[PDB]
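Residue strings, one per chain:
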Amino acid sequence: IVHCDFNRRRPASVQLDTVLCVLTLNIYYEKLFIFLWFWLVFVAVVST
Amino acid sequence: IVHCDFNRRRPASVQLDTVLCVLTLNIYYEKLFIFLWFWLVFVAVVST
Amino acid sequence: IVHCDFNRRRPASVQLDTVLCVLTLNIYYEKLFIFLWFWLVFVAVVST
Amino acid sequence: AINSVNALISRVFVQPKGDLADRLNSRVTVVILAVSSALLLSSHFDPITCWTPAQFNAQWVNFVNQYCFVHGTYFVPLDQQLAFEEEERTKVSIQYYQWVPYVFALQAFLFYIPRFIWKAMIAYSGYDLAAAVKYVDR
Amino acid sequence: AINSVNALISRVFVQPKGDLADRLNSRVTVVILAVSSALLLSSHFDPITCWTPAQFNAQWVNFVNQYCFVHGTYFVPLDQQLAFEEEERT
Amino acid sequence: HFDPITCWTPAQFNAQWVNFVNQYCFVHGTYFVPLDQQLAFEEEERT
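Residue numbers count from 1 along every chain, following the sequence as written rather than necessarily the entry numbering; any residue without coordinates is not displayed. Chain letters start at A and ligand numbers start at 1, both assigned in the order the entries are written. Reported values pertain to the displayed chains only, which are themselves part of a larger assembly. The basis for the side-chain values is all heavy atoms of the structure; hydrogens and waters are excluded. Residues with missing side-chain atoms are left out of burial classes, side-chain pairs and their counts.

Structure determination for this entry, per the PDB record, employed cryo-EM and reached 3.6 Å resolution.

A. Main features of the nonpolar core. In plain words, nonpolar cores are sets of buried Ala, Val, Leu, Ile, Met, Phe, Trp, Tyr and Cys residues tied together by side-chain atoms within 4.5 Å. Relative accessibility decides the category of a residue: with a 1.4 Å probe and only protein chains considered, values under 20% of the type maximum give buried, values over 50% give exposed, and everything between is partly exposed. Among the nonpolar cores identified, the biggest contains 20 residues, and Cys21 and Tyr29 of chain C are the most heavily contacted of them. Helix and strand definitions follow DSSP, with helices as H or I runs of at least four residues and strands as E runs of at least two, each counted in order from the N terminus. Every element with two or more residues in this core is listed here: β1 (2-7), β2 (16-23) and α1 (25-47) of chain C together with α2 (24-41), β1 (48-50) and α5 (100-124) of chain D. Per-element accounting of this core gives the leading share, four residues, to α1 of chain C. With 16 residues, the next largest nonpolar core counts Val2 of chain B, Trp60 and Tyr67 of chain D together with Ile48 of chain E among its residues.

B. Looking closely at the arrangement of the chains. Counting contacts across all 13 pairs of chains found in contact, the highest total belongs to chains C and D. Two residues qualify as a contact provided that any one of their heavy atoms is within 4.5 Å of a heavy atom in the partner residue. Regarding chain A and chain D, which are not in contact, the minimum distance between any of their C-alpha atoms is 19 Å. There is a gap between chain B and chain F: no contact, and a shortest C-alpha distance of 14 Å.

C. Quick look at the pairing of strand β1 (residues 2-7) of chain B. All names here are of chain B. Most of β1 sits out of view: five of its six residues are buried. Pairing geometry for β1 and strand β2 (residues 16-23), over six bridges, is antiparallel. Bridging from a neighbouring strand, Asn7 pairs with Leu16 of β2. By definition, two strands form a pair when at least two bridges between them are found by DSSP.

D. Molecular detail of the state of the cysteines. Any two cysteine sulfur atoms lying within 2.5 Å of each other are counted as a disulfide. Tallying each qualifying case throughout the model produces four disulfides over all chains. Sulfur-sulfur distance for the disulfide between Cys4 of chain B and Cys68 of chain E comes to 2.0 Å. Taking the sign of the S-S torsion, about 125° here, the bridge from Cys4 of chain B to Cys68 of chain E comes out right-handed. Taken together, the residues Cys4 of chain B in strand β1 and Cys68 of chain E in helix α3 (residues 61-70) connect one chain to another. Residue classification places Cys4 of chain B among the buried positions, given a relative accessible area of 3%. Disulfide pairing is shown between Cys4 of chain C and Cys68 of chain D; the S-S distance is 2.0 Å. As the torsion about the S-S bond is roughly 125°, the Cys4 of chain C-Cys68 of chain D disulfide counts as right-handed. In this pair, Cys4 of chain C is assigned in strand β1 and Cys68 of chain D in helix α3 (residues 61-70), connecting two distinct chains. Under the relative-accessibility criterion, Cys68 of chain D is labelled buried at 0%. No disulfide involves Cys21 of chain A; its sulfur sits 4.2 Å from that of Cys4 of chain A, the nearest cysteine.

E. Examining the interface of chain C and chain D more closely. If you look at the interface, chain C gives 29 residues, while chain D gives 32 residues. What gets called buried area is simply the loss in accessible area from a 1.4 Å probe that two parts show on being joined, summed for both. Taking both sides of the interface into account, the surface hidden between chain C and chain D amounts to around 2,700 Å²; carbon and sulfur atoms contribute 72%. Its largest share of buried area at the contact with chain D, chain C owes to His3, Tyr29 and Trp39 of chain C, together 21% of the area lost on that side. What makes a salt bridge here is a side-chain nitrogen of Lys or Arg within 4 Å of a carboxyl oxygen of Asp or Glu, nothing more. Connecting chain C to chain D are zero salt bridges. For this analysis, a polar contact is any N or O atom pair within 3.5 Å, provided that within protein one partner can donate a hydrogen and the other can accept it, and provided that sequence-adjacent residues contribute only side-chain to side-chain pairs. The interface formed by chain C and chain D holds four residue pairs in polar contact in total. Those elements giving two or more residues to the side of chain C that touches chain D turn out to be β1, β2 and α1 of chain C. Grouping the constituent residues of the side of chain C that touches chain D by class yields 21 nonpolar, five polar and three charged. Pairing of β2 of chain C with β1 of chain D, which is carried by three bridges, proceeds in the antiparallel orientation. In the scheme used here, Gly and all other residues not listed as nonpolar or charged are polar, with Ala, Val, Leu, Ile, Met, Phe, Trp, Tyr, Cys and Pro taken as nonpolar and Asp, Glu, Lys and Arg as charged.

Spelled out as structure tokens, the structure:
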């Protein structure tokens, strides 16, 4: 769960703000990265 | 005709902007200030 | 019946446009100005 | 609305005492210019109405109305397009709103001055009429 | 609206007794300044109107109107952009 | 990717302009500025 940053432009310049976003992907990526990591480093040691 | 300044507060702090306002009064005040000025400084010179 | 002129401000600067306005007063002012004119210049000639 | 004030009229319209011929035109003058001066800035209590295109939410209409009423306005006979720049558009330029309602107040004031001059000056002479007039009068 | 109060005028305008020349200008003075003093804070009973962009729900407009009216305002001739910081703007 | 480009337009456009200004942006040129320079003016420093 993250806090996104955001801009507009009006005569007042940067005019920025934050909106907190839910993040779905990060459940995938750190579901697989584990597995994919084991499996690669395996492929290394068996391939050396 | 003026450019008003304005604020909010969010997690991003000052968060400010401008909105241009019409100004009615200023038609009065600088309609009378002339007259009232003559009439005062008169009242001075006749009162000295 | 007149064509009024108007402004905004955005990052593009003057940003102006026209809107045609109906004008009620001008029916008054040029209803009376006639009359008031006769009556003044009268007041002059009778007052000289 | 509808409102009528008599006593304000009768007050100056009569109470200052003199019959002086055609000098009372200074009086009746001050009346007319005073009244019309006021009733015009009464805004007929819709000063001016304007056309704005359709996506303004009506709190802009109540703006653009004023903004039109203060920043200048102008005229063109209609069908010339507008041309461009400021020249041919703003040539024929009518705003007297900055003038009429107040310049009349000034008017009436300057018709009522000369009396005040008179009473002041005749008071300088040291010999008052008004007393005499009332005295011999009654 | 429309309202006119005579007796308040006549009261001080006359009742205190003296004819003293051109000292009555203190009187007529107090009248003018008093009246205009009041009628101005009468708010023409629309003090100031403002432009706000379009997503404000109109209970912000009735805010930003006041907020503009209290916190300062300023002017620029128009087309300078605004520059930045506080300097050239304010 | 069958959302070519999306744009920000202010809030009073009725959404049949959004589906316009989207295209119109996509055809007539676009450009960039790093952000906070204002825009300056004319065509020079903007484009």
